[PDB]
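**Q** Encoded as structure tokens, here's the structure I'll be asking about.
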Amino acid sequence: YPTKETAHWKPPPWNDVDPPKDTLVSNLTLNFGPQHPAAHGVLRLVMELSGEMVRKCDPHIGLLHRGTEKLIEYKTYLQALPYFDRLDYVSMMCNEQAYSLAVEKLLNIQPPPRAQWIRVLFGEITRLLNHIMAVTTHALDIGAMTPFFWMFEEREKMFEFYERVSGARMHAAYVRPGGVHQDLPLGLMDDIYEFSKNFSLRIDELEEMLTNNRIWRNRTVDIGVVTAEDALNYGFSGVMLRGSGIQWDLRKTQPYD
Amino acid sequence: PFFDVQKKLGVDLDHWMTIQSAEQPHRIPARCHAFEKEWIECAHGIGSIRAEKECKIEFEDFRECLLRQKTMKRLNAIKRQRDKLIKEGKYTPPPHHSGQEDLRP
Amino acid sequence: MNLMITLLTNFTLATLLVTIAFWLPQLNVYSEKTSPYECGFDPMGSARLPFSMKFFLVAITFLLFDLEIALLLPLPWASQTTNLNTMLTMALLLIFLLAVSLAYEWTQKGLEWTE
Amino acid sequence: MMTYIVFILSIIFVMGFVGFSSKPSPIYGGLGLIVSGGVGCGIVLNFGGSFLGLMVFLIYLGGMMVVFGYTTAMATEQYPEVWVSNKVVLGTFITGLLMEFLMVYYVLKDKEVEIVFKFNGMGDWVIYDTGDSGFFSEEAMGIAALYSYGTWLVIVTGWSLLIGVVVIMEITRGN
Amino acid sequence: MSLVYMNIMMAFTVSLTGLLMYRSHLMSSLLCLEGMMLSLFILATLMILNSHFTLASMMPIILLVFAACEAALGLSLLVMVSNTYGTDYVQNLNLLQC
Amino acid sequence: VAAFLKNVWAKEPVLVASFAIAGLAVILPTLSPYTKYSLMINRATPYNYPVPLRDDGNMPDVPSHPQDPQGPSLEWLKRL
Amino acid sequence: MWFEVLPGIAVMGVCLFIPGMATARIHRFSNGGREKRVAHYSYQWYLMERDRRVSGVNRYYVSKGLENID
Amino acid sequence: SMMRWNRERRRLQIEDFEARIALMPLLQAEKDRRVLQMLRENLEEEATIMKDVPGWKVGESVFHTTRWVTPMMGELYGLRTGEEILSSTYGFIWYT
Amino acid sequence: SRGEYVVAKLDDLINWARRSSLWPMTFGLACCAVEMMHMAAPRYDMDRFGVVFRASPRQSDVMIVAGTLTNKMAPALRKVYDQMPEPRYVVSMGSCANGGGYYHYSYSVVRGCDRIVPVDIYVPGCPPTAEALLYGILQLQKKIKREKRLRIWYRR
Amino acid sequence: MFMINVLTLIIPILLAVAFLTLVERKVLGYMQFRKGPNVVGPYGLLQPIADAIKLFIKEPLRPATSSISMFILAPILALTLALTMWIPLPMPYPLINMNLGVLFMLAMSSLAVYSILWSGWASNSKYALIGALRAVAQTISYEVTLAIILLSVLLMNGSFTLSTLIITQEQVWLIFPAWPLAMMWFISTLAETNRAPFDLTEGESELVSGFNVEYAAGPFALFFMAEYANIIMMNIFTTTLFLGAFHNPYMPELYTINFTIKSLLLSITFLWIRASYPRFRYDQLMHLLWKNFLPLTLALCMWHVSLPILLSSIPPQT
Ligand SMILES: CCCCCCCCCCCCCCCCCC(=O)OC[C@H](COP(=O)([O-])OCC[N+](C)(C)C)OC(=O)CCCCCCCCCCCCCCCCC
Ligand SMILES: CCCCCCCCCCCCCCCCCC(=O)OC[C@H](COP(=O)(O)OCCN)OC(=O)CCCCCCCCCCCCCCCCC
Ligand SMILES: CCCCCCCCCCCCCCCCCC(=O)OC[C@H](COP(=O)(O)OCCN)OC(=O)CCCCCCCCCCCCCCCCC
Ligand SMILES: CCCCCCCCCCCCCCCCCC(=O)OC[C@H](COP(=O)(O)OCCN)OC(=O)CCCCCCCCCCCCCCCCC
Ligand code: SF4
């Protein structure tokens with residue numbers, strides 16, 4: 001018997017199963033902003049999460065956009081040389097080497113052999129500095145802070161080498177187009193030899209405290225797996241390619257000095 | 001449908017708990033074990049109608065052991081009359097109810 | 001009686017330090033100091049939104065296992081009985097039923113988190 | 001006044017019950033039920049059963065924290081009516097508190113009230129016992145005798161809990 | 001009887017009127033249900049400890065065990081309800097009216 | 001069944017140890033002979049008061065003094 | 001060297017030495033030169049109040065020997 | 001080692017329980033006499049208070065039997081001061 | 001008399017307790033952040049002086065601006081400075097935070113962080129050495145020691 | 001003279017909390033190739049005083065979007081729960097002798113979580129709610145295994161009384177017949193006290209400062225001394241459980257000094273654990289106490305139920 005109240009009463013479905021009526025689930029949008037020890041200085045990760053599983057990451061960058069490559073155009077080559085120290089402030093001398101190699105290729109001149117050997121040796125020293133900072137800061141982000149203080153003494157020793165050879169601890173402005181700015185002071189290579197003698201044991205104790213710990217393994221065994229094809233397609237280079245199984249290295253395939 | 005299985009099979013599942021006068025761990029007696037014993041033995045095998053007619057005295061005495069209505073009622077009467085007598089001024093408490101009397105043991 | 005004196009002493013020790021931490025120093029309160037902290041930027045929505053939880057099944061079985069261990073705590077007194085074989089059998093059977101429930105959850109992927 | 005200790009604990013018990021039975025917000029309902037569980041543990045501890053009070057306190061604290069996680073996941077809104085934020089919640093809280101204090105004043109004046117049963121006016125120290133318990137605690141020995149007497153109770157409780165795990169796992173399946 | 005019984009049953013009646021009048025939140029009614037079971041626990045153990053029924057001391061543990069089991073069942077049903085609709089409001093359970 | 005035991009000890013040794021410990025705890029009170037001594041120790045603990053029986057005249061087994069020879073003694077609890 | 005933390009460690013040592021020794025001395029003073037009675041069960045409580053009643057000082061640690069009797 | 005020490009502790013526990021059992025009759029006699037004396041003191045003062053109230057009979061038992069019942073806590077300490085109330089009723093539970 | 005003596009002693013006490021418990025927040029942007037955490041290395045070890053990092057702005061005392069302050073960063077820096085409870089102190093590190101440094105004429109670089117926050121100590125260099133930053137921290141401590149807040153209150 | 005006893009219990013524990021902050025900062029300096037605070041005073045003995053005075057003259061900073069009642073109530077509850085935690089601990093005589101002290105610690109361990117939860121909820125922050133739900137998950141991970149470990153250990157004691165735990169191991173240490181239970185107990189109290197590698201609540205890397213990311217000075221110090229009192233008493237609880245010392249009723253100071261040295265060494269090992277390992281995930285911890293500790297604990301509970309029946313070694317309950 002239909003009435004006024006029983007006017008919108010539809011019959012139930014034949015299978016008694018309703019459509020799911022999917023309302024918006026209201027994912028929480030967190031802001032992993034720049035004032036955060038996890039973000040490397042300035043990184044505004046706008047992060048859409050379902051509680052804690054990540055659904056979307058949008059890293060807003062440009063908070064450290066100084067506009068280097070316009071002031072470079074407004075200055076000469078020697079004046080634009082210190083601009084390359086401050087791009088990668090923990091791999092400065094390799095940036096100096098890249099800029100010098102580009103300018104030397106454009107100028108059709110080559111450095112002397114001693115400048116080349118000094119360049120390669122100090123590039124390896126800079127690689128040591130960068131890898132120390134990378135591994136120790138990754139461990140500090142995970143939670144193990146002892147290797148950071150353990151190897152930053154060695155980082156201070158290589159900074160002392162930088163200051164002895166150039167007069168500045170970080171931004172040396174030492175590798176220039178045409179070679180290097182100054183010759184090595186006397187007695188530098190012996191101290192390099194002592195430091196290289198002990199650094200194997202330093203790496204050994206860092207590895208012993210990190211590479212076998214099951215808490216360290218659980219945070220790294222199946223995290224951020226990248227296949228080889230997407231590593232090639234996304235423009236990944238270096239350690240990502242070599243860790244995904246791609247046998248690629250610029251020091252072996254397209255060699256310099 | 002009280003399909004009584006326990007007496008048919010000979011096992012007991014909740015018979016040891018159902019009354020206050022059953023077997024206890026190292027024979028700890030309840031407060032009204034004797035009254036429950038008297039009421040239970042008064043009204044065994046006579047049915048519920050004859051239980052409420054012919055064991056009213058035992059049951060009401062047991063119920064007074066359980067909740068103690070009349071005991072606190074008499075205590076309330078004594079307490080109220082003593083307070084009114086104290087307030088009016090016709091009574092003084094004895095020294096052994098005041099705090100010291102060189103107690104017995 | 002001594003426990004309530006101890007609890008009250010602890011409570012008025014705790015509330016004395018808070019009350020002297022709110023009225024003593026000089027205050028400069030503005031409509032920027034008390035904003036929520038979102039790593040330097042303005043938040044995108046409220047903090048009272050539904051924060052969805054993935055470990056709901058583990059919480060429900062935490063209730064059930066908390067009650068299982070609540071049943072299990074009379075064991076030091078129950079070891080002082082005379083019917084020792086029946087007590088031992090019921091203790092073992094209760095713990096075995098707890099382990100059976102845990103194993104059934106383990107084999108059915110109940111402990112694995114959703115999404 | 002100190003003879004009315006269980007009376008004061010029961011008045012805090014009813015105060016928490018009417019605080020959380022107004023249903024303001026399940027966070028504050030959780031706080032109210034935590035208060036009620038703690039003071040109920042207190043009440044049953046002055047009656048002698050310390051083990052039972054500690055168990056009910058521990059069990060309710062665990063359950064209340066899990067359900068707090070649930071309402072932070074599920075039962076929450078933009079502006080939770082914590083208290084005083086809604087008219088009906090404040091009205092029913094005040095109504096319950098006024099009714100409770102009214103009957104407390106009534107029983108502390110006539111020393112006898114009749115709501116459907118009949119309740120006496122003195123403290124509950126009168127209904128205690130003057131004897132000793134010897135070298136054992138009655139409640140601990142009863143729950144110890146759960147294992148040696150109550151085998152059927154153990155069987156039905158364990159089976160109910162195991163199938164309860166099965167029930168909750170086959171409920172949250174989705175298909 | 002004693003006035004502690006008055007307050008315990010009065011708390012039970014408060015939580016009973018709380019459960020039977022909904023406030024558009026199912027979880028609050030679940031909390032009222034746990035309040036009622038807590039009141040039953042307190043009342044039972046008060047009389048059991050007063051009358052020295054020592055064998056009945058195992059009972060309120062079992063009662064609270066089944067209380068928590070039915071609470072867990074209620075929470076699971078609430079997960080299903082909140083996974084169907086946006087929220088846990090009791091007015092959304094009105095499909096069975098036609 | 002030896003290959004399965006080797007595999008499960010190679011993969012999850014904690015579950016193997018737990019299963020071994022639980023099996024040990026289940027099957028040891030059946031075969032051990034010291035449990036009856038525990039039963040008698042629990043039985044011989046005097047929680048209550050040993051109320052005496054009225055001497056009708058025919059009860060020579062029950063003693064009349066705690067230092068009488070007849071009755072249940074606890075020498076085995078001293079020796080064990 | 002590594003023994004310069006030992007000032008703070010020794011300060012923690014005496015700070016944890018303080019409360020236990022304080023409770024021991026307070027228990028030994030407020031109970032007539034003896035250990036505090038431990039009343040776990042009601043039999044011990046009844047005995048303690050029995051001493052409280054026989055002592056006649058309303059202080060149970062005042063202990064009457066067999067010289068009280070005739 | 002734990003087995004040896006636990007068996008020794010059980011022997012010591014049995015010795016303590018035997019000492020308590022030997023002490024029981026004297027304490028029971030004093031408890032009976034103290035309870036009866038306190039009931040007689042409460043009854044003798046009950047007549048002095050109840051003189052004006054009509055329809056009252058002193059020493060009335062609320063039970064229908066002549067069997068001796070255990071004295072209620074309020075039937076013993078009903079007329080005494082609150083210090084004894086707190087010392088007897090809640091005294092053991094509150095004691096530390 | 002006696003009141004000036006009492007407020008001078010109280011000023012000395014609170015100045016010592018504030019200058020010996022500086023908690024800087026974990027805040028860096030650029031090269032100068034690497035030099036700051038090289039000051040926190042075991043060679044110099046600012047934890048000796050009671051100086052220990054605290055990541056949240058609510059539990060920090062001194063803000064160290066180390067790096068280049070761009071236009072996209074200035075509202076975030078200002079907000080984080082505002083959420084820091086009183087008393088708060090600001091130390092400027094490097095030429096970027098001092099006056100823009102290399103990128104003074106850049107279109108998207110704030111010429112000095114003093115346009116945004118009130119700065120107490122300016123530490124010059126590019127990067128200033130770890131000894132230079134420790135010198136700046138000790139200068140800030142000595143500046144805190146010379147505060148006469150309760151003396152000013154008593155005189156006013 | 002009970003109030004004097006209460007004061008002489010509650011003042012030295014917070015003094016030792018401040019000096020534990022000193023010692024922790026010094027050890028956390030000295031393991032990582034550097035020094036601790038040694039500038040403020042003679043070998044840095046005045047650093048906790050300076051920290052304490054500094055935190056009580058800073059701004060209180062109650063947020064506008066936060067519910068003020070629970071915001072103020074939570075640190076009071078945290079400090080009071082840490083302070084009443086210490087009451088039945090026998091050193092060698094507890095402040096309050098209790099028949100069931102172990103269940104009192106368990107109930108107050110359940111209650112102390114609520115301070116963290118309500119401080120996370122009241123401060124209207126997403127990071128605070130994240131820290132609160134991580135605390136919830138941590139509690140539902142550890143609590144069952146903690147209670148059942150303590151149950152299966154106390155079966156050889158005979159009762160829940162802590163003073164009986166001195167007598168029950170006066171011959172040999174209780175760490176010998178329950179060494180696996182000792183290790184899982186140590187891990188469970190590492191997880192209970194929110195210390196590394198199971199921090200997961202005050203994470204300075206996944207979050208900024210956790211549930212107290214909005215708490216300014218003063219109220220934040222309440223959580224600091226609450227946590228440090230928690231770690232000291234939990235090491236003391238472990239020392240009483242497994243490392244009981246020789247007790248002379250005529251000279252209690254021998255037991256006090258033995259117990260104090262053992263608990264100090266346990267706290268040194270606690271800070272040693274702090275500066276050695278990376279932090280877990282908050283779901284890897286849930287798969288640790290459930291998939292690895294709980295089955296072995298159920299097996300050990302079967303073993304420790306059957307074993308006193310096996311060897312006729314049932315301890316007295318008196
Ligand atoms: C207080 C006194 C001292 C306490 C001891 C501990 C002090 C030293 C602490 C060291 C640092 C610890 C830092 C935190 C570490 C947290 C991680 C962790 O421990 O995880 C647990 C780890 C977990 O291992 P996992 O994380 O590698 O798990 C792998 C899991 N799968 C395979 C699924 C990937 O270990 C355990 O769970 C073991 C628990 C203890 C087992 C004890 C067994 C005792 C022996 C039994 C018998 C054996 C013989 C054979 C059978 C015989 C039968 C008769
Ligand atoms: C009878 C003894 C008493 C029994 C009752 C008391 C038991 C106490 C212990 C309770 C344990 C509860 C949890 C059990 C879970 C078992 C199922 C399971 O989860 O297996 C998984 C595991 C392989 O791991 P995986 O598949 O990777 O798991 C997913 C992520 N871990 O799978 C495995 O590792 C294999 C599991 C099955 C085989 C175990 C064999 C153990 C043998 C020990 C020696 C013999 C002991 C004597 C008794 C016979 C036992 C079979
Ligand atoms: C009516 C009469 C009373 C009037 C009110 C005043 C009462 C006393 C107030 C407290 C003491 C006030 C004086 C404070 C120190 C004054 C002198 C001073 O500043 O000395 C500086 C000196 C360190 O020199 P610095 O410049 O740091 O050197 C670098 C290292 N080469 O510093 C040092 O060498 C060490 C300084 C230590 C300061 C004292 C110790 C700390 C404070 C203790 C008391 C307050 C706290 C009590 C407990 C609170 C709860 C924990
Ligand atoms: C709004 C937020 C909340 C704000 C207020 C917070 C208040 C403080 C909260 C923390 C404390 C909660 C305490 C809860 C009850 C704990 C009971 C307890 O500790 O019992 C231990 C002990 C057991 O005694 P037993 O082992 O039997 O030995 C005696 C035999 N001679 O017992 C004894 O030794 C007996 C000592 C006397 C006991 C008296 C009865 C208990 C008093 C409870 C007072 C109210 C507590 C309210 C807690 C609210 C928590 C939210
Ligand atoms: S001042 Fe120099 S060293 Fe510092 S951030 Fe700027 S460019 Fe880098």
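We name chains A, B, ... following the order of the structure tokens; residues begin at 1 in each chain, and ligands are numbered from 1 as shown.
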For ligand 5, collect every residue having any atom at a distance of at most 9 Å from a ligand atom (counting only C-alpha atoms and all ligand atoms); output as an NGL selection string.
**A** (:A and (83 or 85-87 or 89 or 170-171)) or (:I and (29-35 or 66-68 or 93-98 or 100-103 or 124-128))
**Q** Give me, as a compact mmCIF listing (two decimals) with N, CA, C and O atoms, in the first residue's frame, the contact residues of chain J against chain D at a cut-off of 12 Å, counting only C-alpha atoms.
**A**
# COMPACT_ATOMS: atom_id res chain seq x y z
N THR J 65 45.25 26.27 18.34
CA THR J 65 44.44 25.21 17.78
C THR J 65 44.41 23.96 18.64
O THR J 65 43.76 22.98 18.27
N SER J 66 45.12 23.96 19.77
CA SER J 66 45.20 22.80 20.64
C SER J 66 44.17 22.91 21.76
O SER J 66 43.91 24.00 22.28
N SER J 67 43.58 21.77 22.12
CA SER J 67 42.70 21.72 23.28
C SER J 67 43.54 21.85 24.53
O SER J 67 44.36 20.98 24.83
N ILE J 68 43.34 22.95 25.27
CA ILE J 68 44.28 23.34 26.31
C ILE J 68 44.23 22.39 27.50
O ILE J 68 45.25 22.16 28.16
N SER J 69 43.06 21.80 27.78
CA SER J 69 42.90 20.97 28.97
C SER J 69 43.77 19.72 28.90
O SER J 69 44.56 19.46 29.81
N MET J 70 43.66 18.96 27.81
CA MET J 70 44.48 17.77 27.66
C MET J 70 45.94 18.12 27.41
O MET J 70 46.83 17.37 27.82
N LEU J 73 47.19 18.61 30.75
CA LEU J 73 47.03 17.42 31.58
C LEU J 73 48.05 16.33 31.26
O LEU J 73 48.49 15.61 32.16
N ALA J 74 48.43 16.18 29.99
CA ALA J 74 49.30 15.07 29.59
C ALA J 74 50.69 15.08 30.24
O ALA J 74 51.11 14.01 30.72
N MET J 98 53.86 -4.33 48.84
CA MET J 98 52.61 -4.69 48.20
C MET J 98 52.58 -6.17 47.90
O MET J 98 53.60 -6.76 47.52
N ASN J 99 51.41 -6.77 48.08
CA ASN J 99 51.23 -8.18 47.77
C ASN J 99 51.41 -8.45 46.28
O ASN J 99 52.04 -9.44 45.89
N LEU J 100 50.88 -7.56 45.44
CA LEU J 100 50.96 -7.68 43.98
C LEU J 100 51.59 -6.41 43.43
O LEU J 100 50.89 -5.48 43.04
N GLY J 101 52.92 -6.37 43.39
CA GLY J 101 53.62 -5.21 42.89
C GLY J 101 53.86 -5.26 41.39
O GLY J 101 53.87 -4.23 40.71
N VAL J 102 54.05 -6.48 40.89
CA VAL J 102 54.33 -6.68 39.47
C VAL J 102 53.14 -6.26 38.61
O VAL J 102 53.30 -5.57 37.59
N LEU J 103 51.93 -6.64 39.02
CA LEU J 103 50.74 -6.19 38.31
C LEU J 103 50.56 -4.68 38.42
O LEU J 103 49.99 -4.07 37.52
N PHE J 104 51.03 -4.08 39.51
CA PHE J 104 50.96 -2.63 39.64
C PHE J 104 51.88 -1.95 38.63
O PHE J 104 51.49 -0.95 38.01
N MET J 105 53.10 -2.48 38.45
CA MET J 105 53.96 -1.97 37.38
C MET J 105 53.32 -2.16 36.01
O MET J 105 53.43 -1.28 35.16
N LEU J 106 52.68 -3.30 35.78
CA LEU J 106 52.06 -3.54 34.48
C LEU J 106 50.91 -2.57 34.22
O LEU J 106 50.80 -2.00 33.12
N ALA J 107 50.05 -2.34 35.22
CA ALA J 107 48.94 -1.42 35.06
C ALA J 107 49.43 0.01 34.87
O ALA J 107 48.88 0.76 34.05
N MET J 108 50.46 0.41 35.61
CA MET J 108 50.97 1.77 35.44
C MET J 108 51.77 1.92 34.15
O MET J 108 51.87 3.04 33.63
N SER J 109 52.32 0.83 33.62
CA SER J 109 52.92 0.86 32.29
C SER J 109 51.85 1.06 31.23
O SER J 109 52.07 1.75 30.23
N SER J 110 50.69 0.43 31.42
CA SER J 110 49.56 0.67 30.52
C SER J 110 49.08 2.11 30.62
O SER J 110 48.71 2.72 29.60
N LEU J 111 49.08 2.68 31.82
CA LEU J 111 48.54 4.03 32.00
C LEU J 111 49.48 5.10 31.46
O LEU J 111 49.01 6.14 30.98
N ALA J 112 50.79 4.88 31.51
CA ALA J 112 51.75 5.91 31.14
C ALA J 112 51.78 6.18 29.64
O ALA J 112 52.26 7.24 29.23
N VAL J 113 51.29 5.25 28.83
CA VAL J 113 51.19 5.44 27.38
C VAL J 113 50.22 6.57 27.06
O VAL J 113 50.43 7.35 26.12
N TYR J 114 49.17 6.71 27.87
CA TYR J 114 48.10 7.67 27.60
C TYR J 114 48.59 9.11 27.65
O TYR J 114 47.99 9.97 27.01
N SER J 115 49.65 9.39 28.41
CA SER J 115 50.23 10.72 28.38
C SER J 115 50.80 11.05 27.01
O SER J 115 50.55 12.14 26.47
N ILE J 116 51.52 10.10 26.42
CA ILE J 116 52.03 10.26 25.06
C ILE J 116 50.89 10.40 24.07
O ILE J 116 50.91 11.28 23.19
N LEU J 117 49.86 9.56 24.20
CA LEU J 117 48.75 9.58 23.26
C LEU J 117 47.97 10.89 23.33
O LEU J 117 47.64 11.48 22.30
N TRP J 118 47.68 11.37 24.54
CA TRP J 118 46.91 12.59 24.67
C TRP J 118 47.74 13.83 24.36
O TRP J 118 47.18 14.83 23.90
N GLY J 120 50.00 13.83 22.01
CA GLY J 120 49.94 13.82 20.56
C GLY J 120 48.60 14.29 20.02
O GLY J 120 48.55 15.03 19.03
N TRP J 121 47.51 13.88 20.66
CA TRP J 121 46.19 14.21 20.13
C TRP J 121 45.83 15.67 20.38
O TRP J 121 45.25 16.33 19.51
N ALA J 122 46.14 16.18 21.58
CA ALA J 122 45.71 17.52 21.96
C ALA J 122 46.39 18.59 21.11
O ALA J 122 45.74 19.52 20.63
N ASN J 124 47.27 20.03 17.98
CA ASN J 124 46.64 19.84 16.67
C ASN J 124 47.72 19.82 15.60
O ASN J 124 47.98 20.80 14.90
N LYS J 126 49.81 17.09 12.59
CA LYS J 126 49.84 15.82 11.87
C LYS J 126 51.00 14.95 12.34
O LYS J 126 50.84 13.74 12.49
N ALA J 128 52.30 15.04 15.32
CA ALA J 128 51.93 14.58 16.65
C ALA J 128 50.98 13.40 16.58
O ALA J 128 51.10 12.45 17.37
N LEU J 129 50.02 13.42 15.65
CA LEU J 129 49.12 12.28 15.49
C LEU J 129 49.85 11.07 14.95
O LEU J 129 49.53 9.93 15.32
N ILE J 130 50.83 11.29 14.08
CA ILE J 130 51.65 10.18 13.57
C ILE J 130 52.43 9.54 14.71
O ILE J 130 52.46 8.31 14.85
N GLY J 131 53.04 10.36 15.57
CA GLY J 131 53.74 9.83 16.72
C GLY J 131 52.83 9.12 17.70
O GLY J 131 53.20 8.10 18.28
N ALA J 132 51.61 9.63 17.87
CA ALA J 132 50.64 8.99 18.75
C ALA J 132 50.23 7.61 18.23
O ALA J 132 50.17 6.65 19.01
N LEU J 133 49.96 7.50 16.93
CA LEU J 133 49.57 6.20 16.41
C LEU J 133 50.75 5.23 16.37
O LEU J 133 50.55 4.01 16.53
N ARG J 134 51.97 5.74 16.20
CA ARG J 134 53.14 4.88 16.33
C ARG J 134 53.29 4.37 17.76
O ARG J 134 53.68 3.21 17.97
N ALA J 135 52.99 5.21 18.75
CA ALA J 135 53.01 4.75 20.14
C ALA J 135 51.94 3.69 20.39
O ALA J 135 52.18 2.72 21.13
N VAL J 136 50.76 3.86 19.79
CA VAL J 136 49.69 2.87 19.91
C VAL J 136 50.15 1.52 19.36
O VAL J 136 50.00 0.47 20.00
N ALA J 137 50.73 1.54 18.15
CA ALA J 137 51.19 0.30 17.53
C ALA J 137 52.32 -0.34 18.33
O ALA J 137 52.37 -1.57 18.47
N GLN J 138 53.22 0.48 18.88
CA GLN J 138 54.31 -0.04 19.70
C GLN J 138 53.77 -0.73 20.95
O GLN J 138 54.26 -1.80 21.33
N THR J 139 52.75 -0.15 21.58
CA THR J 139 52.18 -0.74 22.79
C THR J 139 51.48 -2.06 22.49
O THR J 139 51.68 -3.05 23.20
N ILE J 140 50.67 -2.10 21.43
CA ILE J 140 50.02 -3.36 21.07
C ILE J 140 51.03 -4.39 20.57
O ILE J 140 50.72 -5.58 20.53
N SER J 141 52.22 -3.96 20.17
CA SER J 141 53.27 -4.92 19.84
C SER J 141 53.89 -5.52 21.10
O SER J 141 54.01 -6.74 21.20
N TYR J 142 54.28 -4.68 22.06
CA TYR J 142 55.14 -5.19 23.13
C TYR J 142 54.39 -5.74 24.34
O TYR J 142 54.96 -6.56 25.06
N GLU J 143 53.16 -5.27 24.60
CA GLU J 143 52.55 -5.48 25.92
C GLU J 143 52.28 -6.96 26.22
O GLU J 143 52.51 -7.41 27.35
N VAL J 144 51.79 -7.71 25.23
CA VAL J 144 51.46 -9.12 25.44
C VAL J 144 52.71 -9.92 25.78
O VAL J 144 52.73 -10.70 26.74
N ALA J 147 54.02 -9.02 29.34
CA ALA J 147 53.25 -9.62 30.42
C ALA J 147 53.47 -11.13 30.50
O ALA J 147 53.59 -11.68 31.60
N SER J 159 55.12 -15.86 43.80
CA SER J 159 54.18 -14.79 44.06
C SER J 159 54.64 -13.54 43.32
O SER J 159 55.78 -13.45 42.88
N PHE J 160 53.73 -12.58 43.20
CA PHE J 160 54.00 -11.33 42.51
C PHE J 160 54.73 -10.32 43.37
O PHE J 160 55.04 -9.23 42.88
N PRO J 316 57.24 -21.81 47.31
CA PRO J 316 56.17 -21.44 48.24
C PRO J 316 55.49 -20.15 47.83
O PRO J 316 56.11 -19.24 47.27
N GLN J 317 54.19 -20.07 48.11
CA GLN J 317 53.44 -18.85 47.88
C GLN J 317 53.37 -17.97 49.12
O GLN J 317 52.72 -16.92 49.09
N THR J 318 54.02 -18.38 50.21
CA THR J 318 54.05 -17.59 51.43
C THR J 318 55.41 -16.95 51.62
O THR J 318 55.64 -15.81 51.20
**Q** For residue E:29, please output as a ChimeraX atom specification all residues within 8 Å (counting only C-alpha atoms; exclusion window: fewer than 6 positions along the same chain).
**A** /D:23 /E:18-19,22
**Q** Could you tell me how far atom CA of residue I:110 lies from atom CA of residue I:122, in Å and to one decimal?
**A**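 It comes out at 15.9 Å.
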**Q** Can you work out which residues from chain I touch chain J at a cut-off of 9 Å (counting only C-alpha atoms) and hand them back as number ranges by chain?
**A** I: 13-14, 16-21, 41-51, 54-60, 84-87
**Q** Could you give me the residues within 7 Å of ligand 2, counting only C-alpha atoms and all ligand atoms, as number ranges by chain?
**A** C: 96, 99-100, 102-103, 106-107; F: 5, 8, 11-12, 15-20, 22-23, 26; J: 295-296, 298-299
**Q** Could you please select, counting only C-alpha atoms, the residues of chain H within 10 Å of chain G and state them as a ChimeraX atom specification?
**A** /H:20,27,30-31,87-88,91-93,95-96
**Q** Write the residues you've just listed into a file as a short mmCIF file (atom, residue, chain, number, x, y, z; two decimals), in the first residue's frame, and include C-alpha atoms for each of them.
**A**
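Output contents, as saved in part.cif:
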data_model
loop_
_atom_site.label_atom_id
_atom_site.label_comp_id
_atom_site.auth_asym_id
_atom_site.auth_seq_id
_atom_site.Cartn_x
_atom_site.Cartn_y
_atom_site.Cartn_z
CA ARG H 20 50.96 -20.96 63.29
CA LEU H 27 44.42 -16.81 69.71
CA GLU H 30 41.16 -14.66 73.15
CA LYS H 31 39.26 -13.71 69.97
CA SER H 87 41.87 0.65 62.08
CA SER H 88 39.63 -2.43 62.02
CA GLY H 91 43.16 -1.29 58.45
CA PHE H 92 44.74 -4.35 56.84
CA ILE H 93 43.94 -3.32 53.26
CA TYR H 95 48.42 -1.00 55.64
CA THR H 96 51.33 -0.11 53.34
#
